Undergrad: 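Okay, here's the structure, questions in a sec.
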Amino acid sequence: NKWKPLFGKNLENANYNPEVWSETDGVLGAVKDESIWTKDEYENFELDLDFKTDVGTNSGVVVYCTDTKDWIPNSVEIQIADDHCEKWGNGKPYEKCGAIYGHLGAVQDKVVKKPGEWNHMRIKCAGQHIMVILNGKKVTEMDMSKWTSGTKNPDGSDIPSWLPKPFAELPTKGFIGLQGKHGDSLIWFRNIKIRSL
Ligand code: NA
């Protein structure tokens, strides 16, 4: 159908703490670690958002969340990361920007721009099929039905112990959220919007 702001105007359609999450000059950011969620559940949608990184940014967009309190194992996370910072060495493919965190790498990295440059990401969530388009590049295409294991990924890498639920049996409807600030690297969001497929 048509695009609408994911959180409405003035975050009216979001569940959040206003001491954590706020809009400044049209740009959403967080000063503490707690997440921001939609008040409503979504399936069969495309989500657009702009984001800007800091050096070493590690964040993510959460979709299909069936529990906003115990969200980590009951959701899918599209990784947002500063691929130009190499802190943990080479890193894992599922830690790169536009990956499905813990589950599936992006096909190329350093599609994300350098810290302080604006990025654009579109996430198409069509039941078990998730596509990530980053800066106009199709970087990630997951079919969740392949994830029959909660411990091992189709690419052979181990799934972090804190993500035990097989993605093949995960529901493909739930809340959408953004993650808060966990350390010194900031992240900024804008033009966060959604429409149905
Ligand atoms: Na992340």
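Note: hydrogens, waters and symmetry copies are ignored here, and every other heavy atom, side chains too, is used. Count residues from 1 along the sequence.
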Undergrad: Does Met144 reach the side chain of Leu170, with side-chain heavy atoms less than 4.5 Å apart?
TA: yes
Undergrad: Could you give the distance from SG (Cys97) to NZ (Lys113), rounded to the nearest 0.5 Å?
TA: 11.5 Å
Undergrad: Working to the nearest 0.5 angstrom, can you tell me the gap between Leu11 CG and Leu28 CG?
TA: 5.5 Å
Undergrad: Grab the two heavy atoms, one from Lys39 and one from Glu12, that are nearest each other, plus how far apart they are.
TA: NZ-O, 3.0 Å
Undergrad: Looking at side-chain heavy atoms only, is the closest gap between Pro5 and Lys193 below 4.5 Å?
TA: no
Undergrad: Distance check, rounded to the nearest 0.5 Å: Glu141 atom CD versus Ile133 atom CD1?
TA: 8.5 Å
Undergrad: Between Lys165 and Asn74, do the side chains contain a donor N or O and an acceptor N or O under 3.5 Å apart?
TA: yes
Undergrad: Does a side-chain heavy-atom distance below 4.5 Å link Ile80 with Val61?
TA: yes
Undergrad: With the side chain counted from C-beta on, respond yes when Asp48 and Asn191 share a heavy-atom pair under 4.5 Å apart, and no when they do not.
TA: no
Undergrad: Hey, any chance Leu178 and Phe45 share a hydrophobic cluster, counting ILVMFWY side chains that come within less than 4.5 Å of each other, even indirectly?
TA: yes
Undergrad: Would you confirm whether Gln128, through its side chain, and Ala168, through its main-chain N or O, come within 3.5 Å as a donor-acceptor pair?
TA: yes
Undergrad: Please walk me through it: do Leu6 and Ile176 pass side-chain contact (heavy atoms from CB on, under 4.5 Å)?
TA: CA-CA 9 Å; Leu6 178 64; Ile176 299 173; 3.9 Å; yes
Undergrad: Main chain of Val112, side chain of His84: is a donor-acceptor contact present, judged purely on distance under 3.5 Å?
TA: yes
Undergrad: Locate the shortest heavy-atom distance separating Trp71 from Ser35; write the atom from each residue and the value.
TA: NE1-OG, 3.8 Å
Undergrad: In terms of hydrophobic clusters joined by side-chain contacts under 4.5 Å, are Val111 and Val107 together?
TA: no
Undergrad: So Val55 and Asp82, do their side chains get closer than 4.5 Å, heavy atoms only?
TA: yes
Undergrad: Any luck finding a side-chain donor-acceptor pair between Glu34 and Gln179 under 3.5 Å?
TA: no
Undergrad: Going by the rule side chain to side chain donor-acceptor pair (under 3.5 Å), which residues pair with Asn15 if we only count those two or more places apart in sequence or in a different chain?
TA: none
Undergrad: Check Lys173 against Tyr64 and note the closest heavy-atom contact, atom names and distance.
TA: N-CD2, 3.8 Å
Undergrad: Please check if the number of heavy atoms outside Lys52 that lie under 6.0 Å from its NZ is greater than 12.
TA: yes
Undergrad: So, for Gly150 and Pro166, which heavy atoms are closest and what is the spacing to 0.1 Å?
TA: N-CG, 3.8 Å
Undergrad: Check the side chains of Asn58 and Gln79 for a donor-acceptor pair under 3.5 angstrom, ignoring hydrogens and angles.
TA: yes
Undergrad: Could you tell me whether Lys96 and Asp83 make a salt bridge, using a distance below 4.0 angstrom between a side-chain N and a carboxylate O?
TA: no
Undergrad: Going by heavy atoms in the side chains, are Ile72 and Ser75 under 4.5 Å from each other?
TA: no
Undergrad: Could you go through the side-chain contact (heavy atoms from CB on, under 4.5 Å) check for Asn13 and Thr38 one step at a time?
TA: CA-CA 6 Å; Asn13 301 330; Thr38 56; over 6 Å; no
Undergrad: Is a donor from one side chain sitting under 3.5 angstrom from an acceptor on the other, for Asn135 and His120?
TA: no
Undergrad: Taking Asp25 for its side chain and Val27 for its backbone only, find out whether a donor-acceptor pair lies under 3.5 Å.
TA: no
Undergrad: Could you pull out the closest heavy-atom pair between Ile100 and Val76, with the gap in Å?
TA: CG2-CG1, 3.7 Å
Undergrad: The test is side-chain contact (heavy atoms from CB on, under 4.5 Å); show your working for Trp118 and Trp188 and say whether it passes.
TA: CA-CA 9 Å; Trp118 279 92; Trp188 297 268; 3.8 Å; yes
Undergrad: Do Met142 and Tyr42 land in one hydrophobic cluster if side-chain heavy atoms of ILVMFWY residues count as linked below 4.5 Å?
TA: yes
Undergrad: Starting at OH of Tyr94, measure out to CG of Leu163 and round the result to the nearest 0.5 Å.
TA: 8.0 Å
Undergrad: In terms of the angle between their ring planes, are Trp21 and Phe189 parallel, tilted or perpendicular, with boundaries placed at 30° and 60°?
TA: tilted
Undergrad: Between the side chains of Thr57 and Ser59, is a donor N or O closer than 3.5 angstrom to an acceptor N or O?
TA: no
Undergrad: Supply the atom-to-atom distance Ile187 CD1 to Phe51 CZ, rounded to the nearest 0.5 angstrom.
TA: 6.5 Å
Undergrad: When rounded to the nearest 0.5 angstrom, what is the spacing between CD1 in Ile123 and CD1 in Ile78?
TA: 4.0 Å
Undergrad: Locate the shortest heavy-atom distance separating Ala99 from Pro93; write the atom from each residue and the value.
TA: CB-O, 3.7 Å
Undergrad: Quick one about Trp147 and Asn153 (side-chain donor to acceptor, distance below 3.5 Å, no hydrogens or angles considered), yes or no?
TA: yes
Undergrad: Please examine the side chains of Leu49 and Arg190, heavy atoms only from C-beta on, and report whether any two atoms are closer than 4.5 Å.
TA: no
Undergrad: Please report the C-alpha distance between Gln108 and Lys137 in whole Å, then the side-chain angles of each, then the deciding distance to 0.1 Å, and finally whether the side-chain contact (heavy atoms from CB on, under 4.5 Å) criterion is met.
TA: CA-CA 9 Å; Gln108 349 162 201; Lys137 304 281 182 207; 4.0 Å; yes
Undergrad: Which of parallel (below 30°), tilted (30 to 60°) and perpendicular (above 60°) describes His103 and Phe167?
TA: parallel
Undergrad: Taking NZ, NE, NH1 and NH2 as the nitrogens, is one of them in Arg195 or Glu46 under 4.0 Å from a carboxylate oxygen of the other?
TA: yes
